[PDB]
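Participant: The structure file start_8.txt (compact mmCIF, C-alpha atoms and all ligand atoms) is provided below.
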```
# COMPACT_ATOMS: atom_id res chain seq x y z
CA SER A 57 18.71 81.49 22.81
CA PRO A 58 18.62 78.11 24.63
CA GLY A 59 15.53 77.23 22.55
CA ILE A 60 16.70 78.40 19.10
CA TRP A 61 17.31 75.84 16.33
CA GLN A 62 18.13 76.14 12.60
CA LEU A 63 17.13 73.71 9.86
CA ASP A 64 19.61 72.81 7.14
CA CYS A 65 19.22 70.60 4.06
CA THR A 66 22.19 69.12 2.22
CA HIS A 67 22.57 66.46 -0.50
CA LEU A 68 24.67 63.30 -0.86
CA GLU A 69 24.42 60.09 -2.95
CA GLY A 70 21.20 61.33 -4.59
CA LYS A 71 19.57 61.57 -1.16
CA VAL A 72 18.75 64.40 1.23
CA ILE A 73 20.31 64.87 4.67
CA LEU A 74 18.07 66.99 6.90
CA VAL A 75 19.89 68.63 9.84
CA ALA A 76 18.72 70.58 12.90
CA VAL A 77 21.41 72.69 14.56
CA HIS A 78 21.11 74.09 18.08
CA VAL A 79 22.52 77.52 17.26
CA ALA A 80 24.13 78.40 20.63
CA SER A 81 25.98 75.05 21.02
CA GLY A 82 26.53 73.62 17.51
CA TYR A 83 24.85 70.37 18.62
CA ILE A 84 23.06 68.57 15.74
CA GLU A 85 20.45 65.96 14.96
CA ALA A 86 20.11 64.61 11.42
CA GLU A 87 18.24 62.11 9.25
CA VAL A 88 18.38 60.79 5.70
CA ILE A 89 15.23 61.11 3.55
CA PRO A 90 14.69 60.46 -0.17
CA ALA A 91 13.58 64.06 -0.74
CA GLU A 92 12.67 67.10 1.33
CA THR A 93 8.89 67.30 1.62
CA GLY A 94 6.65 69.18 4.05
CA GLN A 95 5.58 65.89 5.62
CA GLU A 96 9.17 64.68 6.16
CA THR A 97 10.21 68.05 7.59
CA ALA A 98 7.15 68.12 9.86
CA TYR A 99 7.89 64.63 11.19
CA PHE A 100 11.55 65.55 11.78
CA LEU A 101 10.52 68.63 13.81
CA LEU A 102 8.04 66.58 15.86
CA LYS A 103 10.86 64.16 16.76
CA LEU A 104 13.21 67.03 17.62
CA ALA A 105 10.74 68.84 19.89
CA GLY A 106 9.93 65.64 21.84
CA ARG A 107 13.65 65.33 22.62
CA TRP A 108 14.79 68.95 23.30
CA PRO A 109 12.95 72.11 24.44
CA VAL A 110 12.52 73.68 21.01
CA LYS A 111 11.17 77.25 21.22
CA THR A 112 12.03 78.59 17.78
CA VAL A 113 12.97 77.01 14.45
CA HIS A 114 14.54 78.98 11.62
CA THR A 115 13.36 77.07 8.55
CA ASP A 116 15.84 76.14 5.82
CA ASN A 117 13.88 77.49 2.84
CA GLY A 118 10.64 79.16 1.75
CA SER A 119 8.91 75.92 0.82
CA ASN A 120 9.21 74.60 4.40
CA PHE A 121 8.31 78.06 5.74
CA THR A 122 5.13 78.05 3.62
CA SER A 123 4.18 74.37 4.10
CA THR A 124 0.89 74.00 5.96
CA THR A 125 2.04 70.57 7.23
CA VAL A 126 5.20 72.12 8.69
CA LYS A 127 3.10 74.96 10.20
CA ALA A 128 0.78 72.33 11.71
CA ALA A 129 3.65 70.38 13.26
CA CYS A 130 5.06 73.59 14.75
CA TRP A 131 1.63 74.43 16.17
CA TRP A 132 1.30 70.91 17.59
CA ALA A 133 4.78 70.95 19.19
CA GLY A 134 4.66 74.54 20.52
CA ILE A 135 7.37 75.77 18.13
CA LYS A 136 7.59 79.33 16.80
CA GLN A 137 8.23 78.85 13.08
CA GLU A 138 10.50 81.53 11.61
CA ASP A 139 12.30 82.30 8.38
CA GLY A 140 16.02 81.56 7.97
CA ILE A 141 17.04 84.83 6.33
CA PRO A 142 20.69 85.41 7.26
CA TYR A 143 20.28 88.89 8.74
CA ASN A 144 23.76 88.14 10.02
CA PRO A 145 25.71 87.33 6.83
CA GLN A 146 28.06 85.02 8.82
CA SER A 147 25.16 82.51 9.03
CA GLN A 148 25.53 81.37 5.38
CA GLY A 149 29.21 80.55 5.86
CA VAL A 150 28.69 78.77 9.19
CA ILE A 151 26.11 76.38 7.70
CA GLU A 152 28.20 75.95 4.53
CA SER A 153 31.20 75.03 6.72
CA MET A 154 29.09 72.60 8.76
CA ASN A 155 27.82 70.77 5.66
CA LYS A 156 31.40 70.49 4.40
CA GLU A 157 32.59 69.12 7.78
CA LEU A 158 29.67 66.68 7.92
CA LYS A 159 30.36 65.35 4.41
CA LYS A 160 34.05 64.96 5.30
CA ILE A 161 33.17 62.84 8.34
CA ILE A 162 30.68 60.81 6.30
CA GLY A 163 33.55 60.08 3.88
CA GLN A 164 35.79 59.03 6.79
CA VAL A 165 33.22 56.41 7.93
CA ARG A 166 31.38 55.64 4.69
CA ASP A 167 33.13 52.24 4.36
CA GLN A 168 32.11 51.20 7.93
CA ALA A 169 28.48 50.71 6.80
CA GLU A 170 26.39 49.82 3.75
CA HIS A 171 23.61 52.39 4.23
CA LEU A 172 24.09 56.15 4.08
CA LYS A 173 21.78 56.65 7.08
CA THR A 174 24.21 54.67 9.28
CA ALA A 175 27.16 56.78 8.14
CA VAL A 176 25.18 59.97 8.81
CA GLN A 177 24.42 58.86 12.39
CA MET A 178 28.12 58.03 12.92
CA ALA A 179 28.88 61.55 11.67
CA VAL A 180 26.33 63.05 14.10
CA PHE A 181 27.98 61.11 16.94
CA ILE A 182 31.49 62.28 16.02
CA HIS A 183 30.37 65.91 15.57
CA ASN A 184 28.51 66.07 18.90
CA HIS A 185 31.38 64.47 20.89
CA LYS A 186 34.26 66.46 19.32
CA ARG A 187 36.06 68.59 21.94
CA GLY A 193 37.49 72.32 25.91
CA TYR A 194 33.85 71.25 25.72
CA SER A 195 31.89 69.27 23.14
CA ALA A 196 28.67 70.40 21.46
CA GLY A 197 26.82 67.76 23.51
CA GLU A 198 28.21 69.21 26.72
CA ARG A 199 27.41 72.80 25.67
CA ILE A 200 23.74 72.14 24.84
CA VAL A 201 23.10 70.40 28.18
CA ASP A 202 24.85 73.19 30.14
CA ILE A 203 23.03 75.94 28.24
CA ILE A 204 19.60 74.36 28.78
CA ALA A 205 20.27 73.39 32.43
CA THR A 206 21.33 76.98 33.22
CA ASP A 207 18.09 78.16 31.58
CA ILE A 208 15.88 75.73 33.57
CA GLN A 209 17.43 77.03 36.82
CA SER B 57 23.69 56.82 36.95
CA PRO B 58 23.57 59.83 34.59
CA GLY B 59 24.71 57.52 31.75
CA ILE B 60 22.42 54.51 32.40
CA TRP B 61 19.71 53.62 29.86
CA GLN B 62 17.28 50.67 29.53
CA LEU B 63 15.90 49.21 26.31
CA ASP B 64 12.25 48.20 26.10
CA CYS B 65 10.30 46.56 23.27
CA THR B 66 6.50 46.71 23.06
CA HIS B 67 3.97 45.82 20.34
CA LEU B 68 1.08 47.68 18.70
CA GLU B 69 -0.83 47.37 15.38
CA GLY B 70 1.33 44.39 14.35
CA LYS B 71 4.44 46.57 14.64
CA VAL B 72 7.22 46.95 17.19
CA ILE B 73 7.86 50.07 19.26
CA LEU B 74 11.46 50.20 20.47
CA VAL B 75 12.02 52.45 23.51
CA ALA B 76 15.13 53.67 25.33
CA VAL B 77 14.50 54.95 28.86
CA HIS B 78 16.98 57.10 30.79
CA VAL B 79 16.55 55.31 34.10
CA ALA B 80 17.25 58.19 36.53
CA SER B 81 14.86 60.68 34.81
CA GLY B 82 12.20 58.63 32.98
CA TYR B 83 13.03 60.50 29.75
CA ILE B 84 12.43 58.38 26.61
CA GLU B 85 13.27 58.09 22.93
CA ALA B 86 11.32 55.69 20.72
CA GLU B 87 10.91 54.45 17.16
CA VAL B 88 8.58 52.18 15.21
CA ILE B 89 10.13 49.24 13.32
CA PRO B 90 8.47 46.30 11.53
CA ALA B 91 10.25 43.80 13.79
CA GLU B 92 13.02 43.79 16.39
CA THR B 93 16.25 42.70 14.72
CA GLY B 94 19.89 43.10 15.79
CA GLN B 95 20.45 45.56 12.95
CA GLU B 96 17.45 47.74 13.91
CA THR B 97 18.44 47.71 17.59
CA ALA B 98 22.06 48.54 16.69
CA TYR B 99 20.99 51.49 14.54
CA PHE B 100 18.66 52.74 17.30
CA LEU B 101 21.52 52.66 19.85
CA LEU B 102 23.86 54.47 17.45
CA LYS B 103 21.26 57.26 17.12
CA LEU B 104 20.74 57.41 20.89
CA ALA B 105 24.45 57.64 21.74
CA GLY B 106 25.03 60.46 19.22
CA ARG B 107 22.35 62.46 21.03
CA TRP B 108 22.97 61.72 24.76
CA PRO B 109 26.05 60.60 26.73
CA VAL B 110 25.18 56.90 26.91
CA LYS B 111 27.53 54.98 29.23
CA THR B 112 25.56 51.81 29.86
CA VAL B 113 22.62 50.10 28.16
CA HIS B 114 20.58 47.37 29.82
CA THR B 115 19.36 45.34 26.84
CA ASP B 116 15.70 44.33 26.60
CA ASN B 117 16.20 40.61 25.95
CA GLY B 118 18.79 37.87 25.41
CA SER B 119 18.66 38.06 21.62
CA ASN B 120 19.79 41.70 21.63
CA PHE B 121 22.31 40.91 24.38
CA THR B 122 23.79 38.13 22.23
CA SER B 123 23.60 39.93 18.85
CA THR B 124 27.04 40.55 17.38
CA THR B 125 25.63 43.56 15.46
CA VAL B 126 24.34 45.09 18.70
CA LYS B 127 27.70 44.33 20.39
CA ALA B 128 29.46 46.03 17.44
CA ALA B 129 27.31 49.15 17.69
CA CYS B 130 27.97 49.35 21.44
CA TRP B 131 31.70 49.00 20.79
CA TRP B 132 31.54 51.70 18.10
CA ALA B 133 29.57 54.14 20.30
CA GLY B 134 31.50 53.52 23.55
CA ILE B 135 28.54 51.88 25.29
CA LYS B 136 28.85 49.20 27.97
CA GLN B 137 26.32 46.57 26.93
CA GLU B 138 24.66 44.86 29.89
CA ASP B 139 21.84 42.44 30.57
CA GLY B 140 18.42 43.65 31.73
CA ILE B 141 17.85 41.14 34.52
CA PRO B 142 15.59 42.87 37.06
CA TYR B 143 17.80 42.36 40.12
CA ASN B 144 15.44 44.94 41.57
CA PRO B 145 12.02 43.30 41.11
CA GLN B 146 10.36 46.74 40.85
CA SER B 147 11.94 47.12 37.37
CA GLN B 148 9.46 44.74 35.69
CA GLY B 149 6.48 46.70 36.97
CA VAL B 150 7.96 50.11 36.12
CA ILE B 151 8.50 49.14 32.46
CA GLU B 152 5.09 47.41 32.33
CA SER B 153 3.49 50.62 33.64
CA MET B 154 5.42 52.74 31.12
CA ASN B 155 4.28 50.62 28.17
CA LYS B 156 0.68 50.89 29.41
CA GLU B 157 0.98 54.70 29.76
CA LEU B 158 2.59 54.97 26.32
CA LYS B 159 -0.15 52.94 24.64
CA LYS B 160 -2.79 55.06 26.41
CA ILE B 161 -1.25 58.26 25.03
CA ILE B 162 -0.95 56.70 21.57
CA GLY B 163 -4.70 55.99 21.77
CA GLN B 164 -5.38 59.60 22.80
CA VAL B 165 -3.60 60.92 19.65
CA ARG B 166 -4.01 57.99 17.24
CA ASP B 167 -6.69 59.87 15.23
CA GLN B 168 -4.43 62.96 14.80
CA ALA B 169 -2.26 61.07 12.27
CA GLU B 170 -2.39 58.29 9.68
CA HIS B 171 0.91 56.59 10.53
CA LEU B 172 1.68 54.87 13.84
CA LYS B 173 5.20 56.36 13.88
CA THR B 174 3.71 59.88 14.05
CA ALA B 175 1.46 58.93 16.97
CA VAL B 176 4.43 57.35 18.77
CA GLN B 177 6.48 60.57 18.42
CA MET B 178 3.50 62.60 19.73
CA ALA B 179 3.43 60.19 22.68
CA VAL B 180 7.18 60.66 23.27
CA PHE B 181 6.65 64.43 23.26
CA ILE B 182 3.76 64.30 25.74
CA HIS B 183 5.62 61.87 28.04
CA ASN B 184 8.84 63.92 28.13
CA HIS B 185 7.02 67.24 28.76
CA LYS B 186 4.57 65.97 31.44
CA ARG B 187 5.12 67.73 34.77
CA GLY B 193 7.36 69.61 39.83
CA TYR B 194 9.70 68.86 36.91
CA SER B 195 9.31 67.03 33.59
CA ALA B 196 11.41 64.08 32.45
CA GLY B 197 13.06 66.38 29.88
CA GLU B 198 14.03 68.81 32.63
CA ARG B 199 15.32 66.02 34.90
CA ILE B 200 17.62 64.44 32.30
CA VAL B 201 19.24 67.79 31.42
CA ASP B 202 19.75 68.69 35.10
CA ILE B 203 21.14 65.24 35.96
CA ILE B 204 23.64 65.29 33.08
CA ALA B 205 24.63 68.96 33.59
CA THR B 206 25.33 68.30 37.29
CA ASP B 207 27.49 65.34 36.21
CA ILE B 208 29.48 67.36 33.62
CA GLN B 209 30.31 70.06 36.21
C1 LIG A 301 24.93 50.41 13.50
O1 LIG A 301 25.43 49.16 13.98
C2 LIG A 301 26.58 48.82 13.27
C3 LIG A 301 27.28 47.72 13.70
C4 LIG A 301 28.43 47.33 13.05
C5 LIG A 301 28.88 48.05 11.96
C6 LIG A 301 30.13 47.61 11.27
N1 LIG A 301 29.96 47.62 9.85
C7 LIG A 301 29.62 46.48 9.17
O2 LIG A 301 29.51 45.36 9.65
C8 LIG A 301 29.36 46.71 7.75
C9 LIG A 301 30.32 47.39 7.02
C10 LIG A 301 30.05 47.58 5.69
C11 LIG A 301 28.90 47.13 5.12
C12 LIG A 301 27.94 46.45 5.84
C13 LIG A 301 28.19 46.25 7.18
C14 LIG A 301 27.19 45.52 8.01
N2 LIG A 301 25.97 46.30 8.35
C15 LIG A 301 24.86 45.36 8.62
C16 LIG A 301 26.17 47.37 9.38
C17 LIG A 301 24.84 47.93 9.77
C18 LIG A 301 24.32 47.57 11.00
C19 LIG A 301 23.09 48.04 11.42
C20 LIG A 301 22.37 48.88 10.60
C21 LIG A 301 22.89 49.24 9.37
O3 LIG A 301 22.17 50.08 8.54
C22 LIG A 301 20.84 50.22 9.03
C23 LIG A 301 24.12 48.78 8.94
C24 LIG A 301 24.65 49.21 7.61
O4 LIG A 301 25.31 48.37 6.93
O5 LIG A 301 24.43 50.42 7.27
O6 LIG A 301 28.82 47.43 3.78
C25 LIG A 301 30.04 48.17 3.62
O7 LIG A 301 30.87 48.23 4.79
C26 LIG A 301 28.17 49.15 11.53
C27 LIG A 301 27.01 49.55 12.18
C1 LIG A 302 3.81 66.26 12.61
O1 LIG A 302 3.28 66.66 11.35
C2 LIG A 302 1.90 66.65 11.45
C3 LIG A 302 1.20 67.77 11.06
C4 LIG A 302 -0.17 67.78 11.15
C5 LIG A 302 -0.85 66.68 11.63
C6 LIG A 302 -2.34 66.73 11.72
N1 LIG A 302 -2.93 65.50 11.26
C7 LIG A 302 -3.37 65.35 9.98
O2 LIG A 302 -3.42 66.24 9.13
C8 LIG A 302 -3.81 63.99 9.66
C9 LIG A 302 -4.72 63.37 10.50
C10 LIG A 302 -5.09 62.09 10.16
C11 LIG A 302 -4.60 61.47 9.06
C12 LIG A 302 -3.69 62.07 8.22
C13 LIG A 302 -3.30 63.36 8.54
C14 LIG A 302 -2.32 64.06 7.66
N2 LIG A 302 -0.92 63.58 7.78
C15 LIG A 302 -0.20 63.88 6.51
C16 LIG A 302 -0.20 64.00 9.03
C17 LIG A 302 1.25 63.61 8.94
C18 LIG A 302 2.17 64.61 8.70
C19 LIG A 302 3.52 64.33 8.59
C20 LIG A 302 3.95 63.03 8.71
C21 LIG A 302 3.03 62.03 8.94
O3 LIG A 302 3.45 60.71 9.05
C22 LIG A 302 4.82 60.60 8.71
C23 LIG A 302 1.68 62.30 9.06
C24 LIG A 302 0.72 61.19 9.32
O4 LIG A 302 -0.43 61.23 8.79
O5 LIG A 302 1.12 60.29 10.12
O6 LIG A 302 -5.10 60.20 8.91
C25 LIG A 302 -5.91 60.11 10.08
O7 LIG A 302 -5.98 61.31 10.86
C26 LIG A 302 -0.14 65.56 12.02
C27 LIG A 302 1.23 65.53 11.93
CL CL A 303 11.69 68.59 26.45
```
Hey, can you dump this file as structure tokens for me?
Facilitator:
Amino acid sequence: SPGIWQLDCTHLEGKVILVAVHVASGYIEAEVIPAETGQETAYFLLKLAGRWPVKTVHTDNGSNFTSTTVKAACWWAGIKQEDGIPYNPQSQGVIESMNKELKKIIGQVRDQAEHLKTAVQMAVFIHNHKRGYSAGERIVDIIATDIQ
Amino acid sequence: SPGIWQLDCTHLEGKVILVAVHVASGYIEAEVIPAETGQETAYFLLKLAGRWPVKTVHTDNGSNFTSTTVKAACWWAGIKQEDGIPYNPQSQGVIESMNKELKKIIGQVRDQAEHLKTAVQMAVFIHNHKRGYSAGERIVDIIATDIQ
């Protein structure tokens, strides 16, 4: 559970926002890309796994699950690549609610920057700091408890 | 001390590698950019502070220290922007040694990818996982101890 992440892809302004959620904490990382490709997803996962101890990734769709480039990145980074089938039906709603929240925050800051990527990183910051513990606090505590 | 980071700028293949080091752990984040500008540095710090609890940043040079865009990003993200004067003379050597190590790793993986940015993220991964604890383990433990 400390090492479990979920990929999520949402759309805004004709661009793609790729999100990784640490399932146990709600902590996120995100990036803007022109379109979701295997190569972009693979690079995103490489970045993620260099920064946090990623054991398992539930992929966001079948194309990324199938992608040999994504499989290669997961091999390289020591990640178990899994499907994202919501065996628990509450998973759909949770991700739906997160995308809605994220877009709301992006709207609240969108005029503080020209580029969507800047607004998305502001939204990541606000989400991860929001308190009673924050997602940023929870992920660190969860992983530290695991290490020891 | 848990919140203290240092910026570092190094060059390879006619490009710039921008690095943030968590001083107490040696944990790093890095990105490739075509050139170091205030805007690029500001965006990099915004990303960093959304991901880790950044209290203080020692800037890498006077241009980034002076930059109103960098100052604005630090204001936005709640970061105390400081100079990077090595009051401790061992700081020069430590960063020098880190850039050398990073470039060595980049060389060891450079043929596993076309794009320099990919090789740099592989290097970040290897650095942060290298064991006796790893830098990734140390940063989580340091911050978790602080939170509690
Ligand atoms: C992250 O450091 C920051 C520092 C200050 C601010 C304060 N905001 C502004 O000054 C502003 C507001 C706007 C605008 C254009 C700007 C100025 N830019 C240069 C900010 C910026 C800076 C760096 C990278 C960026 O993107 C890679 C962008 C970006 O614009 O996205 O157009 C509509 O409202 C926002 C971000
Ligand atoms: C983390 O995802 C990875 C998965 C597998 C691999 C294995 N390596 C290769 O297959 C390879 C080796 C090469 C090469 C070109 C490639 C193929 N590319 C598409 C890899 C790649 C993928 C994604 C984004 C990328 O860059 C944004 C790049 C990139 O090339 O930088 O040219 C010289 O040696 C490397 C990375
Ligand atoms: Cl790690």
Participant: Show which residues sit within 8 Å of residue 80 (chain B), as a VMD selection string. Count only C-alpha atoms, and ignore same-chain residues fewer than 4 positions away.
Facilitator: chain B and resid 57 to 58 60 200
Participant: As JSON, numbers by chain, could you give me every residue of chain A near chain B (at most 9 Å apart, counting all atoms listed in the file)?
Facilitator: {"A": [83, 84, 85, 99, 102, 103, 105, 106, 107, 108, 109, 132, 133, 174, 177, 178, 179, 180, 181, 182, 183, 184, 185, 197, 198, 201, 202, 203, 204, 205, 206, 208, 209]}
Participant: Quick one: residues within 7 Å of ligand LIG 301 (chain A), with all atoms listed in the file, as a ChimeraX atom specification?
Facilitator: /A:167-175 /B:95-96,98-99,102,125-126,128-129
Participant: Between CA of residue 81 (chain A) and atom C2 of ligand LIG 302 (chain A), what is the distance in Å, rounded to a tenth?
Facilitator: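 Here the two named atoms are 27.2 Å from each other.
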Participant: In Å to one decimal, how far is CA of residue 113 (chain B) from CA of residue 135 (chain B)?
Facilitator: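 Rounded to one decimal, the two atoms are 6.8 Å apart.
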Participant: Using only C-alpha atoms and all ligand atoms, which residue out of A:62, A:155, A:117, A:123 lies closest to ligand LIG 302 (chain A)?
Facilitator: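 Ranked by minimum distance to ligand LIG 302 (chain A), first place goes to A:123.
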Participant: For region 138-142 of chain B, work out the shell of residues within 12 Å, counting all atoms listed in the file and skipping chain neighbours fewer than 6 positions away, then give it as a ChimeraX atom specification.
Facilitator: /B:60-64,111-122,126-127,130,148-151
Participant: When you count only C-alpha atoms, which of these residues is closest to residue 76 (chain A): A:154, A:144, A:134, A:90?
Facilitator: A:154
Participant: So the first atom is CA of residue 110 (chain B) and the second is CA of residue 124 (chain B); what is the distance between them in Å, to one decimal place?
Facilitator: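 Atom-to-atom, CA of residue 110 (chain B) to CA of residue 124 (chain B), that is 19.0 Å.
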Participant: What are the centre and the three edge lengths of an axis-aligned box that wraps all atoms of region 76-87 of chain A in the file, given that 6 Å is added to every side, written as lines of an AutoDock Vina configuration file and rounded to one decimal in Å?
Facilitator:
```
center_x = 22.4
center_y = 70.3
center_z = 15.1
size_x = 20.3
size_y = 28.3
size_z = 23.8
```
Participant: Counting only C-alpha atoms and all ligand atoms, which residue out of B:74, B:101, B:196, B:88 sits closest to ligand LIG 302 (chain A)?
Facilitator: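 Under the stated criterion, the closest residue is B:88.
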Participant: Which residue, A:165, A:71, A:59, A:146, has the smallest gap to ligand CL 303 (chain A) when you use only C-alpha atoms and all ligand atoms?
Facilitator: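 Distance minimum relative to ligand CL 303 (chain A) lands on A:59.
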Participant: Using all atoms listed in the file, which residues sit within 12 Å of residue 153 (chain A) once same-chain residues fewer than 6 positions away are excluded, as a PyMOL selection string?
Facilitator: chain A and resi 64+66+82+146-147+159-160
Participant: Considering only C-alpha atoms and all ligand atoms, state which residue in the set A:78, A:89, A:94, A:162 is at the smallest distance from ligand LIG 302 (chain A).
Facilitator: A:94
